[PDB]
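For reference, query_20.pdb is printed below; it contains PDB, C-alpha atoms and all ligand atoms.
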ATOM      1  CA  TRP Q   1      19.059 -18.389   4.965  1.00  0.00           C
ATOM      2  CA  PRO Q   2      17.892 -17.609   1.386  1.00  0.00           C
ATOM      3  CA  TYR Q   3      17.429 -20.073  -1.473  1.00  0.00           C
ATOM      4  CA  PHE Q   4      20.012 -20.251  -4.272  1.00  0.00           C
ATOM      5  CA  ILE Q   5      18.097 -22.074  -7.013  1.00  0.00           C
ATOM      6  CA  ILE Q   6      19.697 -23.467 -10.171  1.00  0.00           C
ATOM      7  CA  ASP Q   7      17.058 -23.704 -12.907  1.00  0.00           C
ATOM      8  CA  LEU Q   8      17.876 -26.727 -15.090  1.00  0.00           C
ATOM      9  CA  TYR Q   9      15.584 -25.437 -17.836  1.00  0.00           C
ATOM     10  CA  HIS Q  10      16.635 -26.430 -21.377  1.00  0.00           C
ATOM     11  CA  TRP Q  11      18.324 -29.543 -19.953  1.00  0.00           C
ATOM     12  CA  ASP Q  12      17.366 -32.113 -22.600  1.00  0.00           C
ATOM     13  CA  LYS Q  13      18.128 -29.449 -25.238  1.00  0.00           C
ATOM     14  CA  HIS Q  14      21.873 -29.556 -24.447  1.00  0.00           C
ATOM     15  CA  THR Q  15      24.592 -31.880 -25.678  1.00  0.00           C
ATOM     16  CA  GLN Q  16      26.105 -34.579 -23.478  1.00  0.00           C
ATOM     17  CA  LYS Q  17      29.259 -32.490 -23.110  1.00  0.00           C
ATOM     18  CA  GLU Q  18      27.211 -29.420 -22.175  1.00  0.00           C
ATOM     19  CA  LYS Q  19      25.156 -31.474 -19.712  1.00  0.00           C
ATOM     20  CA  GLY Q  20      28.362 -32.498 -17.954  1.00  0.00           C
ATOM     21  CA  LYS Q  21      29.564 -28.903 -17.704  1.00  0.00           C
ATOM     22  CA  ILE Q  22      26.267 -27.884 -16.088  1.00  0.00           C
ATOM     23  CA  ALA Q  23      26.556 -30.718 -13.561  1.00  0.00           C
ATOM     24  CA  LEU Q  24      30.169 -29.702 -12.924  1.00  0.00           C
ATOM     25  CA  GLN Q  25      29.241 -26.057 -12.338  1.00  0.00           C
ATOM     26  CA  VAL Q  26      26.416 -27.079  -9.998  1.00  0.00           C
ATOM     27  CA  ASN Q  27      28.930 -29.226  -8.111  1.00  0.00           C
ATOM     28  CA  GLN Q  28      31.317 -26.268  -7.895  1.00  0.00           C
ATOM     29  CA  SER Q  29      28.381 -24.082  -6.842  1.00  0.00           C
ATOM     30  CA  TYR Q  30      27.708 -26.414  -3.906  1.00  0.00           C
ATOM     31  CA  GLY Q  31      31.327 -26.493  -2.751  1.00  0.00           C
ATOM     32  CA  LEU Q  32      31.429 -22.702  -2.942  1.00  0.00           C
ATOM     33  CA  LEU Q  33      28.192 -22.376  -0.958  1.00  0.00           C
ATOM     34  CA  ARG Q  34      29.734 -24.923   1.431  1.00  0.00           C
ATOM     35  CA  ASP Q  35      32.291 -22.269   2.490  1.00  0.00           C
ATOM     36  CA  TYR Q  36      29.736 -19.532   3.255  1.00  0.00           C
ATOM     37  CA  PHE Q  37      26.201 -19.680   4.666  1.00  0.00           C
ATOM     38  CA  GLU Q  38      20.642 -24.014   0.631  1.00  0.00           C
ATOM     39  CA  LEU Q  39      21.347 -24.885  -3.006  1.00  0.00           C
ATOM     40  CA  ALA Q  40      18.236 -25.826  -4.989  1.00  0.00           C
ATOM     41  CA  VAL Q  41      18.148 -27.465  -8.426  1.00  0.00           C
ATOM     42  CA  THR Q  42      14.754 -27.407 -10.137  1.00  0.00           C
ATOM     43  CA  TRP Q  43      13.945 -29.483 -13.227  1.00  0.00           C
ATOM     44  CA  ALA Q  44      16.380 -31.998 -11.699  1.00  0.00           C
ATOM     45  CA  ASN Q  45      15.690 -35.165 -13.677  1.00  0.00           C
ATOM     46  CA  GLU Q  46      17.277 -38.605 -13.360  1.00  0.00           C
ATOM     47  CA  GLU Q  47      20.029 -37.847 -15.886  1.00  0.00           C
ATOM     48  CA  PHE Q  48      21.285 -34.826 -13.934  1.00  0.00           C
ATOM     49  CA  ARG Q  49      21.553 -36.876 -10.740  1.00  0.00           C
ATOM     50  CA  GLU Q  50      23.361 -39.551 -12.764  1.00  0.00           C
ATOM     51  CA  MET Q  51      25.851 -36.961 -14.044  1.00  0.00           C
ATOM     52  CA  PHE Q  52      26.107 -34.970 -10.794  1.00  0.00           C
ATOM     53  CA  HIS Q  53      29.327 -36.316  -9.252  1.00  0.00           C
ATOM     54  CA  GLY Q  54      28.567 -34.659  -5.917  1.00  0.00           C
ATOM     55  CA  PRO Q  55      26.476 -35.579  -2.872  1.00  0.00           C
ATOM     56  CA  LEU Q  56      22.809 -35.600  -3.831  1.00  0.00           C
ATOM     57  CA  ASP Q  57      22.223 -35.915  -0.075  1.00  0.00           C
ATOM     58  CA  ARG Q  58      23.651 -32.439   0.557  1.00  0.00           C
ATOM     59  CA  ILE Q  59      21.539 -30.379  -1.887  1.00  0.00           C
ATOM     60  CA  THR Q  60      17.828 -29.959  -2.614  1.00  0.00           C
ATOM     61  CA  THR Q  61      16.736 -31.321  -5.997  1.00  0.00           C
ATOM     62  CA  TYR Q  62      13.223 -31.079  -7.429  1.00  0.00           C
ATOM     63  CA  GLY Q  63      12.351 -32.753 -10.721  1.00  0.00           C
ATOM     64  CA  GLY Q  64       9.390 -30.491 -11.436  1.00  0.00           C
ATOM     65  CA  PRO Q  65       9.051 -26.871 -12.525  1.00  0.00           C
ATOM     66  CA  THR Q  66      10.826 -24.083 -10.683  1.00  0.00           C
ATOM     67  CA  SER Q  67       7.535 -22.233 -10.196  1.00  0.00           C
ATOM     68  CA  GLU Q  68       6.069 -25.249  -8.395  1.00  0.00           C
ATOM     69  CA  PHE Q  69       9.046 -25.330  -6.020  1.00  0.00           C
ATOM     70  CA  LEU Q  70       8.525 -21.631  -5.282  1.00  0.00           C
ATOM     71  CA  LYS Q  71       4.831 -22.143  -4.510  1.00  0.00           C
ATOM     72  CA  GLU Q  72       5.502 -25.222  -2.351  1.00  0.00           C
ATOM     73  CA  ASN Q  73       7.615 -23.008  -0.053  1.00  0.00           C
ATOM     74  CA  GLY Q  74       5.527 -19.814  -0.042  1.00  0.00           C
ATOM     75  CA  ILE Q  75       7.914 -17.719  -2.157  1.00  0.00           C
ATOM     76  CA  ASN Q  76       6.023 -15.275  -4.388  1.00  0.00           C
ATOM     77  CA  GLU Q  77       8.890 -13.047  -5.585  1.00  0.00           C
ATOM     78  CA  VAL Q  78      12.446 -13.947  -6.604  1.00  0.00           C
ATOM     79  CA  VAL Q  79      15.520 -12.337  -8.138  1.00  0.00           C
ATOM     80  CA  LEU Q  80      16.484 -13.720 -11.551  1.00  0.00           C
ATOM     81  CA  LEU Q  81      20.178 -13.201 -12.268  1.00  0.00           C
ATOM     82  CA  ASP Q  82      19.932 -12.170 -15.914  1.00  0.00           C
ATOM     83  CA  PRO Q  83      22.622 -10.455 -18.031  1.00  0.00           C
ATOM     84  CA  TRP Q  84      19.858  -9.080 -20.290  1.00  0.00           C
ATOM     85  CA  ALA Q  85      18.099  -6.896 -17.712  1.00  0.00           C
ATOM     86  CA  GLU Q  86      18.491  -3.121 -17.619  1.00  0.00           C
ATOM     87  CA  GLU Q  87      18.480  -2.825 -13.806  1.00  0.00           C
ATOM     88  CA  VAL Q  88      21.534  -3.874 -11.797  1.00  0.00           C
ATOM     89  CA  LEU Q  89      21.448  -6.123  -8.741  1.00  0.00           C
ATOM     90  CA  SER Q  90      21.585  -3.928  -5.633  1.00  0.00           C
ATOM     91  CA  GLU Q  91      21.345  -4.290  -1.863  1.00  0.00           C
ATOM     92  CA  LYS Q  92      17.622  -3.538  -2.242  1.00  0.00           C
ATOM     93  CA  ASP Q  93      17.221  -7.105  -3.570  1.00  0.00           C
ATOM     94  CA  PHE Q  94      18.966  -8.946  -0.720  1.00  0.00           C
ATOM     95  CA  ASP Q  95      15.572  -9.191   1.021  1.00  0.00           C
ATOM     96  CA  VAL Q  96      14.031 -11.629  -1.477  1.00  0.00           C
ATOM     97  CA  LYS Q  97      13.678 -15.221  -0.320  1.00  0.00           C
ATOM     98  CA  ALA Q  98      15.233 -16.907  -3.373  1.00  0.00           C
ATOM     99  CA  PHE Q  99      17.869 -16.227  -6.036  1.00  0.00           C
ATOM    100  CA  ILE Q 100      17.634 -18.083  -9.354  1.00  0.00           C
ATOM    101  CA  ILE Q 101      20.543 -18.877 -11.689  1.00  0.00           C
ATOM    102  CA  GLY Q 102      19.643 -20.689 -14.895  1.00  0.00           C
ATOM    103  CA  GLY Q 103      21.590 -23.865 -15.580  1.00  0.00           C
ATOM    104  CA  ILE Q 104      22.809 -22.683 -18.984  1.00  0.00           C
ATOM    105  CA  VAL Q 105      26.071 -22.928 -20.933  1.00  0.00           C
ATOM    106  CA  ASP Q 106      27.186 -21.575 -24.304  1.00  0.00           C
ATOM    107  CA  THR Q 107      29.215 -22.795 -27.269  1.00  0.00           C
ATOM    108  CA  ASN Q 108      27.548 -18.144 -29.655  1.00  0.00           C
ATOM    109  CA  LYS Q 109      25.788 -16.781 -26.560  1.00  0.00           C
ATOM    110  CA  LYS Q 110      22.047 -16.461 -27.365  1.00  0.00           C
ATOM    111  CA  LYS Q 111      19.396 -14.855 -25.117  1.00  0.00           C
ATOM    112  CA  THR Q 112      18.046 -17.672 -22.943  1.00  0.00           C
ATOM    113  CA  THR Q 113      17.591 -16.695 -19.292  1.00  0.00           C
ATOM    114  CA  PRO Q 114      14.838 -14.048 -19.841  1.00  0.00           C
ATOM    115  CA  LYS Q 115      12.626 -16.925 -21.013  1.00  0.00           C
ATOM    116  CA  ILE Q 116      12.909 -18.374 -17.497  1.00  0.00           C
ATOM    117  CA  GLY Q 117      11.499 -15.113 -16.159  1.00  0.00           C
ATOM    118  CA  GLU Q 118       8.709 -15.175 -18.735  1.00  0.00           C
ATOM    119  CA  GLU Q 119       7.892 -18.710 -17.586  1.00  0.00           C
ATOM    120  CA  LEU Q 120       7.882 -17.616 -13.937  1.00  0.00           C
ATOM    121  CA  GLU Q 121       5.636 -14.648 -14.739  1.00  0.00           C
ATOM    122  CA  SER Q 122       3.204 -16.880 -16.646  1.00  0.00           C
ATOM    123  CA  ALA Q 123       2.957 -19.011 -13.489  1.00  0.00           C
ATOM    124  CA  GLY Q 124       2.181 -15.899 -11.432  1.00  0.00           C
ATOM    125  CA  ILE Q 125       5.560 -15.150  -9.838  1.00  0.00           C
ATOM    126  CA  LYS Q 126       7.003 -11.682  -9.305  1.00  0.00           C
ATOM    127  CA  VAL Q 127      10.444 -11.648 -10.938  1.00  0.00           C
ATOM    128  CA  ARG Q 128      13.207  -9.070 -10.451  1.00  0.00           C
ATOM    129  CA  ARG Q 129      15.520  -9.334 -13.456  1.00  0.00           C
ATOM    130  CA  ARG Q 130      18.926  -8.218 -12.171  1.00  0.00           C
ATOM    131  CA  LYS Q 131      22.197  -8.019 -14.094  1.00  0.00           C
ATOM    132  CA  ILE Q 132      25.673  -8.104 -12.560  1.00  0.00           C
ATOM    133  CA  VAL Q 133      27.951  -5.442 -14.040  1.00  0.00           C
ATOM    134  CA  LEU Q 134      31.625  -4.509 -13.781  1.00  0.00           C
ATOM    135  CA  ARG Q 135      31.993  -0.725 -14.181  1.00  0.00           C
ATOM    136  CA  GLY Q 136      28.595  -0.527 -15.907  1.00  0.00           C
ATOM    137  CA  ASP Q 137      29.170  -3.166 -18.606  1.00  0.00           C
ATOM    138  CA  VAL Q 138      28.649  -6.923 -18.309  1.00  0.00           C
ATOM    139  CA  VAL Q 139      31.883  -7.545 -20.230  1.00  0.00           C
ATOM    140  CA  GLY Q 140      34.453  -8.922 -17.806  1.00  0.00           C
ATOM    141  CA  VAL Q 141      31.805 -10.480 -15.542  1.00  0.00           C
ATOM    142  CA  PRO Q 142      32.397 -14.261 -15.420  1.00  0.00           C
ATOM    143  CA  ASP Q 143      29.123 -15.880 -16.449  1.00  0.00           C
ATOM    144  CA  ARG Q 144      29.694 -19.395 -15.108  1.00  0.00           C
ATOM    145  CA  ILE Q 145      27.103 -20.584 -12.596  1.00  0.00           C
ATOM    146  CA  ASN Q 146      29.622 -21.036  -9.782  1.00  0.00           C
ATOM    147  CA  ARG Q 147      31.225 -17.669 -10.561  1.00  0.00           C
ATOM    148  CA  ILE Q 148      27.862 -15.871 -10.528  1.00  0.00           C
ATOM    149  CA  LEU Q 149      26.961 -17.519  -7.218  1.00  0.00           C
ATOM    150  CA  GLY Q 150      30.294 -16.440  -5.747  1.00  0.00           C
ATOM    151  CA  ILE Q 151      29.825 -12.840  -6.893  1.00  0.00           C
ATOM    152  CA  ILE Q 152      26.496 -12.588  -5.058  1.00  0.00           C
ATOM    153  CA  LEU Q 153      27.876 -14.238  -1.918  1.00  0.00           C
ATOM    154  CA  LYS Q 154      30.772 -11.789  -1.582  1.00  0.00           C
ATOM    155  CA  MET Q 155      28.189  -8.993  -1.715  1.00  0.00           C
ATOM    156  CA  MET Q 156      25.707 -10.502   0.756  1.00  0.00           C
ATOM    157  CA  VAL Q 157      28.032 -12.309   3.180  1.00  0.00           C
ATOM    158  CA  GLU Q 158      31.389 -10.529   2.998  1.00  0.00           C
ATOM    159  CA  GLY Q 159      29.736  -7.172   2.248  1.00  0.00           C
ATOM    160  CA  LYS Q 160      31.949  -6.521  -0.781  1.00  0.00           C
ATOM    161  CA  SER Q 161      30.851  -4.174  -3.539  1.00  0.00           C
ATOM    162  CA  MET Q 162      29.848  -5.428  -6.973  1.00  0.00           C
ATOM    163  CA  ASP Q 163      33.059  -4.222  -8.631  1.00  0.00           C
ATOM    164  CA  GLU Q 164      35.160  -5.851  -5.909  1.00  0.00           C
ATOM    165  CA  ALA Q 165      33.117  -9.067  -5.942  1.00  0.00           C
ATOM    166  CA  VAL Q 166      33.274  -9.329  -9.740  1.00  0.00           C
ATOM    167  CA  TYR Q 167      37.032  -8.740  -9.917  1.00  0.00           C
ATOM    168  CA  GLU Q 168      37.828 -11.238  -7.154  1.00  0.00           C
ATOM    169  CA  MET Q 169      35.809 -13.915  -8.982  1.00  0.00           C
ATOM    170  CA  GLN Q 170      37.109 -12.847 -12.416  1.00  0.00           C
TER     171      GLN Q 170
HETATM  172  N1  LIG V   1      26.119 -10.775 -15.996  1.00  0.00           N
HETATM  173  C1  LIG V   1      25.269 -11.581 -15.367  1.00  0.00           C
HETATM  174  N2  LIG V   1      24.374 -11.073 -14.451  1.00  0.00           N
HETATM  175  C2  LIG V   1      23.495 -11.919 -13.804  1.00  0.00           C
HETATM  176  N3  LIG V   1      23.510 -13.273 -14.071  1.00  0.00           N
HETATM  177  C3  LIG V   1      24.389 -13.780 -14.968  1.00  0.00           C
HETATM  178  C4  LIG V   1      25.277 -12.944 -15.631  1.00  0.00           C
HETATM  179  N4  LIG V   1      26.025 -13.702 -16.461  1.00  0.00           N
HETATM  180  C5  LIG V   1      25.629 -14.988 -16.344  1.00  0.00           C
HETATM  181  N5  LIG V   1      24.622 -15.055 -15.420  1.00  0.00           N
HETATM  182  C6  LIG V   1      23.909 -16.275 -15.005  1.00  0.00           C
HETATM  183  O1  LIG V   1      24.620 -17.424 -15.433  1.00  0.00           O
HETATM  184  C7  LIG V   1      23.735 -18.358 -16.031  1.00  0.00           C
HETATM  185  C8  LIG V   1      24.341 -19.017 -17.270  1.00  0.00           C
HETATM  186  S1  LIG V   1      25.292 -17.906 -18.341  1.00  0.00           S
HETATM  187  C9  LIG V   1      23.922 -17.680 -19.509  1.00  0.00           C
HETATM  188  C10 LIG V   1      24.237 -18.137 -20.931  1.00  0.00           C
HETATM  189  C11 LIG V   1      23.503 -17.425 -22.070  1.00  0.00           C
HETATM  190  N6  LIG V   1      24.434 -16.606 -22.836  1.00  0.00           N
HETATM  191  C12 LIG V   1      22.360 -16.551 -21.556  1.00  0.00           C
HETATM  192  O2  LIG V   1      22.563 -15.439 -21.065  1.00  0.00           O
HETATM  193  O3  LIG V   1      21.194 -16.930 -21.641  1.00  0.00           O
HETATM  194  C13 LIG V   1      22.452 -17.616 -16.363  1.00  0.00           C
HETATM  195  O4  LIG V   1      21.334 -18.323 -15.892  1.00  0.00           O
HETATM  196  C14 LIG V   1      22.536 -16.293 -15.647  1.00  0.00           C
HETATM  197  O5  LIG V   1      21.542 -16.244 -14.651  1.00  0.00           O
END
Show me, as structure tokens, the structure contained in the file I just sent.
Ligand SMILES: Nc1ncnc2c1ncn2[C@@H]1O[C@H](CSCC[C@H](N)C(=O)O)[C@@H](O)[C@H]1O
Amino acid sequence: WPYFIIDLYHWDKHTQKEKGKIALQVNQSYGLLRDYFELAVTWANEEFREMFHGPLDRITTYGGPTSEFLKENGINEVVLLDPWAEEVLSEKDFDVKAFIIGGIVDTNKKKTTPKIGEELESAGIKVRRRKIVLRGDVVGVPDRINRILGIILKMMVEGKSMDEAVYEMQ
């Protein structure tokens, strides 16, 4: 029912190995969403589709900006899964029409995803920066795209709590 968007921002700024890991995690994110309830990939260029070893027919890919995709569907506010926020994702945010997970990997961590929110705000989009915590700290929370998507799904679909959802995906 809602939109799980993967923001392929910073795509051409990653190495070939890192590009493959992003395409792998998006593939695993689809198969995970396949066993639940819808997966969107913005900034989805030709190279991503070339590296995506899954069915392009089964997901929604848009080569343009994420903000354009949100406007083209009437969505004015989203939830940005961001480990750098100070407010934690709660059931009060399960009413938004789209959840955004930035297609980002690491090699040591940097502070990248809040720039996606700054870009969405500059395009006139209400953004709810929400962090996923385990016992108050983000340490121990798996930060892979497919793991983050699974944590949210166990909370929305299966009604688990955040601590239970994080540990089961951990
Ligand atoms: N603790 C957390 N809470 C919410 N989202 C998280 C998260 N950990 C990882 N993610 C999601 O997983 C994606 C890639 S992990 C992000 C890598 C980098 N260290 C950074 O934070 O910028 C991000 O887009 C983010 O939305």
Work out where the centre of an axis-aligned box around every listed atom of ligand LIG 1 (chain V) lies and how long its edges are once 3 Å is added on each side; give both in Å to one decimal as JSON.
{"center_x": 23.7, "center_y": -14.9, "center_z": -18.3, "size_x": 10.9, "size_y": 14.2, "size_z": 15.0}
Sorted by chain and rising residue number, list the residues of chain Q at most 8 Å from ligand LIG 1 (chain V) (counting all atoms listed in the file), each with its closest atom pair and distance in Å to one decimal, as JSON lines.
{"residue": "Q:6", "atom": "CA", "partner": "V:LIG1", "partner_atom": "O4", "distance": 7.9}
{"residue": "Q:7", "atom": "CA", "partner": "V:LIG1", "partner_atom": "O4", "distance": 7.5}
{"residue": "Q:80", "atom": "CA", "partner": "V:LIG1", "partner_atom": "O5", "distance": 6.4}
{"residue": "Q:81", "atom": "CA", "partner": "V:LIG1", "partner_atom": "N3", "distance": 3.8}
{"residue": "Q:82", "atom": "CA", "partner": "V:LIG1", "partner_atom": "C2", "distance": 4.1}
{"residue": "Q:83", "atom": "CA", "partner": "V:LIG1", "partner_atom": "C1", "distance": 3.9}
{"residue": "Q:84", "atom": "CA", "partner": "V:LIG1", "partner_atom": "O2", "distance": 7.0}
{"residue": "Q:89", "atom": "CA", "partner": "V:LIG1", "partner_atom": "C2", "distance": 8.0}
{"residue": "Q:100", "atom": "CA", "partner": "V:LIG1", "partner_atom": "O5", "distance": 6.8}
{"residue": "Q:101", "atom": "CA", "partner": "V:LIG1", "partner_atom": "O5", "distance": 4.1}
{"residue": "Q:102", "atom": "CA", "partner": "V:LIG1", "partner_atom": "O4", "distance": 3.1}
{"residue": "Q:103", "atom": "CA", "partner": "V:LIG1", "partner_atom": "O4", "distance": 5.6}
{"residue": "Q:104", "atom": "CA", "partner": "V:LIG1", "partner_atom": "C8", "distance": 4.3}
{"residue": "Q:105", "atom": "CA", "partner": "V:LIG1", "partner_atom": "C10", "distance": 5.1}
{"residue": "Q:106", "atom": "CA", "partner": "V:LIG1", "partner_atom": "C10", "distance": 5.6}
{"residue": "Q:108", "atom": "CA", "partner": "V:LIG1", "partner_atom": "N6", "distance": 7.7}
{"residue": "Q:109", "atom": "CA", "partner": "V:LIG1", "partner_atom": "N6", "distance": 4.0}
{"residue": "Q:110", "atom": "CA", "partner": "V:LIG1", "partner_atom": "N6", "distance": 5.1}
{"residue": "Q:111", "atom": "CA", "partner": "V:LIG1", "partner_atom": "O3", "distance": 4.4}
{"residue": "Q:112", "atom": "CA", "partner": "V:LIG1", "partner_atom": "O3", "distance": 3.5}
{"residue": "Q:113", "atom": "CA", "partner": "V:LIG1", "partner_atom": "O3", "distance": 4.3}
{"residue": "Q:114", "atom": "CA", "partner": "V:LIG1", "partner_atom": "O3", "distance": 7.2}
{"residue": "Q:130", "atom": "CA", "partner": "V:LIG1", "partner_atom": "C2", "distance": 6.1}
{"residue": "Q:131", "atom": "CA", "partner": "V:LIG1", "partner_atom": "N2", "distance": 3.8}
{"residue": "Q:132", "atom": "CA", "partner": "V:LIG1", "partner_atom": "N2", "distance": 3.8}
{"residue": "Q:133", "atom": "CA", "partner": "V:LIG1", "partner_atom": "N1", "distance": 6.0}
{"residue": "Q:138", "atom": "CA", "partner": "V:LIG1", "partner_atom": "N1", "distance": 5.2}
{"residue": "Q:139", "atom": "CA", "partner": "V:LIG1", "partner_atom": "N1", "distance": 7.8}
{"residue": "Q:141", "atom": "CA", "partner": "V:LIG1", "partner_atom": "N1", "distance": 5.7}
{"residue": "Q:142", "atom": "CA", "partner": "V:LIG1", "partner_atom": "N4", "distance": 6.5}
{"residue": "Q:143", "atom": "CA", "partner": "V:LIG1", "partner_atom": "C5", "distance": 3.6}
{"residue": "Q:144", "atom": "CA", "partner": "V:LIG1", "partner_atom": "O1", "distance": 5.5}
{"residue": "Q:145", "atom": "CA", "partner": "V:LIG1", "partner_atom": "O1", "distance": 4.9}
{"residue": "Q:148", "atom": "CA", "partner": "V:LIG1", "partner_atom": "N5", "distance": 5.9}
File of the preceding selection, C-alpha atoms, as a short mmCIF file (atom, residue, chain, number, x, y, z; two decimals), keeping the file's coordinate frame:
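part_21.cif, written as the output of this step:
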data_model
loop_
_atom_site.label_atom_id
_atom_site.label_comp_id
_atom_site.auth_asym_id
_atom_site.auth_seq_id
_atom_site.Cartn_x
_atom_site.Cartn_y
_atom_site.Cartn_z
CA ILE Q 6 19.70 -23.47 -10.17
CA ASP Q 7 17.06 -23.70 -12.91
CA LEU Q 80 16.48 -13.72 -11.55
CA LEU Q 81 20.18 -13.20 -12.27
CA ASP Q 82 19.93 -12.17 -15.91
CA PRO Q 83 22.62 -10.46 -18.03
CA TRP Q 84 19.86 -9.08 -20.29
CA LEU Q 89 21.45 -6.12 -8.74
CA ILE Q 100 17.63 -18.08 -9.35
CA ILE Q 101 20.54 -18.88 -11.69
CA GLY Q 102 19.64 -20.69 -14.90
CA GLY Q 103 21.59 -23.86 -15.58
CA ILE Q 104 22.81 -22.68 -18.98
CA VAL Q 105 26.07 -22.93 -20.93
CA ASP Q 106 27.19 -21.58 -24.30
CA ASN Q 108 27.55 -18.14 -29.66
CA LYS Q 109 25.79 -16.78 -26.56
CA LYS Q 110 22.05 -16.46 -27.36
CA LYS Q 111 19.40 -14.86 -25.12
CA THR Q 112 18.05 -17.67 -22.94
CA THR Q 113 17.59 -16.70 -19.29
CA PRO Q 114 14.84 -14.05 -19.84
CA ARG Q 130 18.93 -8.22 -12.17
CA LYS Q 131 22.20 -8.02 -14.09
CA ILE Q 132 25.67 -8.10 -12.56
CA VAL Q 133 27.95 -5.44 -14.04
CA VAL Q 138 28.65 -6.92 -18.31
CA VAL Q 139 31.88 -7.54 -20.23
CA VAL Q 141 31.80 -10.48 -15.54
CA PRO Q 142 32.40 -14.26 -15.42
CA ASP Q 143 29.12 -15.88 -16.45
CA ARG Q 144 29.69 -19.40 -15.11
CA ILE Q 145 27.10 -20.58 -12.60
CA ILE Q 148 27.86 -15.87 -10.53
#
Closest of Q:166, Q:96, Q:134, Q:152 to residue 77 in chain Q, counting all atoms listed in the file, is Q:96
Expanded to explicit residues, what is the PyMOL selection byres (((chain Q and resi 157) around 12) and not hetatm) for this file, as a PyMOL selection string? chain Q and resi 1-2+33+35-37+91+94+149-156+158-161+165
Next, the residues of the selection above should be written as a PDB file, keeping the file's coordinate frame with C-alpha atoms.
ATOM      1  CA  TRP Q   1      19.059 -18.389   4.965  1.00  0.00           C
ATOM      2  CA  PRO Q   2      17.892 -17.609   1.386  1.00  0.00           C
ATOM      3  CA  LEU Q  33      28.192 -22.376  -0.958  1.00  0.00           C
ATOM      4  CA  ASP Q  35      32.291 -22.269   2.490  1.00  0.00           C
ATOM      5  CA  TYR Q  36      29.736 -19.532   3.255  1.00  0.00           C
ATOM      6  CA  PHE Q  37      26.201 -19.680   4.666  1.00  0.00           C
ATOM      7  CA  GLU Q  91      21.345  -4.290  -1.863  1.00  0.00           C
ATOM      8  CA  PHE Q  94      18.966  -8.946  -0.720  1.00  0.00           C
ATOM      9  CA  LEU Q 149      26.961 -17.519  -7.218  1.00  0.00           C
ATOM     10  CA  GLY Q 150      30.294 -16.440  -5.747  1.00  0.00           C
ATOM     11  CA  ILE Q 151      29.825 -12.840  -6.893  1.00  0.00           C
ATOM     12  CA  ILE Q 152      26.496 -12.588  -5.058  1.00  0.00           C
ATOM     13  CA  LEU Q 153      27.876 -14.238  -1.918  1.00  0.00           C
ATOM     14  CA  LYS Q 154      30.772 -11.789  -1.582  1.00  0.00           C
ATOM     15  CA  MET Q 155      28.189  -8.993  -1.715  1.00  0.00           C
ATOM     16  CA  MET Q 156      25.707 -10.502   0.756  1.00  0.00           C
ATOM     17  CA  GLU Q 158      31.389 -10.529   2.998  1.00  0.00           C
ATOM     18  CA  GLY Q 159      29.736  -7.172   2.248  1.00  0.00           C
ATOM     19  CA  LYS Q 160      31.949  -6.521  -0.781  1.00  0.00           C
ATOM     20  CA  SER Q 161      30.851  -4.174  -3.539  1.00  0.00           C
ATOM     21  CA  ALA Q 165      33.117  -9.067  -5.942  1.00  0.00           C
TER      22      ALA Q 165
END
Any idea what the distance is between CA of residue 55 in chain Q and CA of residue 22 in chain Q?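 Distance reported for this atom pair: 15.3 Å.
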Would you mind listing what lies within 12 Å of residue 125 in chain Q as a PyMOL selection string, with all atoms listed in the file counted and same-chain residues fewer than 5 positions away left out? chain Q and resi 66-71+74-80+98+116-120
